[PDB]
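Contents: one structure, followed by commentary.
In this chain, numbering begins with 1 at the start of the sequence shown. Remember, it's 1-based here, ligands and their atoms both numbered in the order they're listed. Only heavy atoms go into these numbers, but all of them, side chains included; no hydrogens, no water, no symmetry mates.
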Amino acid sequence: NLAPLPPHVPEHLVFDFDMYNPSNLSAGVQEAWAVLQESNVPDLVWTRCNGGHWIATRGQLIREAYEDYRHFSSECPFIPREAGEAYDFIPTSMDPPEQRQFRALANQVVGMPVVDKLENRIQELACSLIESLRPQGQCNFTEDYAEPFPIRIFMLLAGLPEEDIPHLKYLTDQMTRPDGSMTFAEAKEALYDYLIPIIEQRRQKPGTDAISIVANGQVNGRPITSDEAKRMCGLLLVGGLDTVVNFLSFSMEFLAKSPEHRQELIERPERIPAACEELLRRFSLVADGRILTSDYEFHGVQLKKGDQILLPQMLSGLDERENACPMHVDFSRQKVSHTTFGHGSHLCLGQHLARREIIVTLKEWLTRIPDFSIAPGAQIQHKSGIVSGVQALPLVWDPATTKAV
Ligand code: HEM
Ligand SMILES: CC1(C)[C@@H]2CC[C@@]1(C)C(=O)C2
Ligand SMILES: [K+]
């Protein structure tokens, strides 16, 4: 459905892009979003899809808007409006100044010191999952690795049972790529229905897990409230269950389709960290946004108080104004410009965990299964939303070509 054009929006800026079902999706989701960067498309457009909203299409505008929290507020960060209004996770739904105190607590549970110490378990899980698959000569990569590897690490960190994954993953996905059976509000309340009692249990009897540390945490020296803890823990669950999970499939699809890039990383494994960054740019996957706090003229366009603006993190690094030959993957690229982990005061707190999971996956997969391909006759289908992903990724290889370590 196309929402009626608001009085202040001129026809020449209308580009009816649907972030949940973009028309060019068959080409690949990044390609589908990149239609917004054709030379005839303005820097800032209005779509009548999903209730009506602006979209900034270029890295320069995306970065600027993410820096200017006084005009572009995080209070309502998701489209559609109903989703952004219901969205209340911490720290994301807060602007500075109040936002900042909550970042330190989140860093205690997912930041570099936690990741540094989790490294052995991350390494051991990647190796055991991949070794289990290796002799099979095939896998359904999304379900056999992309999901269980990051999700089991997160559930371990959070002290949550692995048998709870299907329910929590389903709810998470309704917040980013809704199937239509739940509104954002309904998915959020179901997630809170799960979390609220666990938070109370761990405030009564603290453990060492992430939920315990959040639930018993302090924020700038005063106790976190149960409500705040719930709102933080909800966000961490979403980061754990619906970010790296998707990104790994884009990366592995790419490697399946490009033998020369596999061979590069096999022959020069020291390039894997750089490769991770270049893949983060090329297969960037997040797009949320902000709400206008006031009427504001931005790059020659009149924005109105309360208008939503999508500021796709995915697009900055695909912008040819930020990186030449942007759809080309070059592991030797010298200035890899992107906003894949966000920009401004909300810069991703999970990015060190994410990079470790990616780098460990690349190293340990290519050691054991150096040569693999997309399954015969398979067409890989992407899906689009707040976080984009890969619906299924069937891979094959000759288990004669694999090595047990
Ligand atoms: C490839 C993986 C990931 C990507 C691309 C990604 C992307 C992002 C982006 C774009 C933002 C900013 C959103 C905004 O400004 O509205 C963000 C924030 C955040 N991310 Fe990540 N993320 C990833 C992994 C993770 C993981 C694994 C976790 C935790 C387990 C996590 C936790 C967070 C948190 C807590 C914030 C909010 C920071 C704040 O609002 O101050 N992320 N992430
Ligand atoms: C946009 C995000 C990737 C970032 C971390 C999880 C996510 C879906 C959010 O709600 C904030
Ligand atoms: K809100």
For ligand 1, indicate whether the residue [X] contacts it via side chain, backbone, both or neither (heavy-atom separation under 4.0 Å).
X: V244; answer: both
X: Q99; answer: side chain
X: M232; answer: neither
X: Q313; answer: side chain
X: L235; answer: side chain
X: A106; answer: neither
X: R103; answer: side chain
X: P77; answer: neither
X: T339; answer: neither

Where the closest heavy atom to [atom] is concerned, which of [options] has it?
atom: atom 27 (C) of ligand 1; options: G239, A210, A287; result: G239
atom: atom 7 (C) of ligand 1; options: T243, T340, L349; result: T340
atom: atom 19 (C) of ligand 1; options: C348, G111, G350; result: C348

N/O/S atom of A86 under 3.4 Å from the K ion (ligand 3), yes or no?
-> no

Below 3.4 Å, any N, O or S contact between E85 and the K ion (ligand 3)?
-> yes

Considering only N, O or S atoms, which atom of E75 is nearest to the K ion (ligand 3)?
->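 Atom name returned: O.
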
Would you say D288 has any N or O atom under 3.5 Å from an N or O of ligand 2, going by distance alone?
->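 Min N/O separation from ligand 2 is not below 3.5 Å for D288.
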
Is the distance between the ring centroids of [Y] and [X] under 6.0 Å?
X: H71; Y: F298; value: no
X: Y194; Y: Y192; value: no
X: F72; Y: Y66; value: no

Please write down residue, atom name and distance for the protein heavy atom closest to atom 37 (C) of ligand 1.
-> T92 OG1, 3.3 Å

Among all protein heavy atoms, pick the one closest to atom 6 (C) of ligand 1 and tell me residue, atom and distance.
->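 Going atom by atom, the protein heavy atom closest to atom 6 (C) of ligand 1 ends up being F341 CD2, 3.7 Å.
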
Any protein heavy atom lying closer than 4.0 Å to atom 11 (C) of ligand 2?
-> yes

Give a yes or no on whether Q201 atom CD has more than 12 heavy-atom contacts from other residues, nucleotides or ligands under 6.0 Å away.
->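 Check fails, neighbour count at 12 or below.
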
Are there more than 12 heavy atoms of other residues, nucleotides or ligands under 6.0 Å from atom CG of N40?
-> yes

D242 and ligand 2 - part of the residue with a heavy-atom distance under 4.0 Å |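 It is neither; nothing of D242 touches ligand 2.
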
Give me the ring orientation class for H338 and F341: parallel if the planes are under 30° apart, tilted from 30 to 60°, perpendicular past 60°.
->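 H338 and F341: perpendicular rings.
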
Result of checking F283, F141, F247 against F254 for ring-ring contact (aromatic ring centres under 6.0 Å, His included) =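 Of the listed residues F283, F141, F247, the ring-ring contact (aromatic ring centres under 6.0 Å, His included) partner of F254 is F283.
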
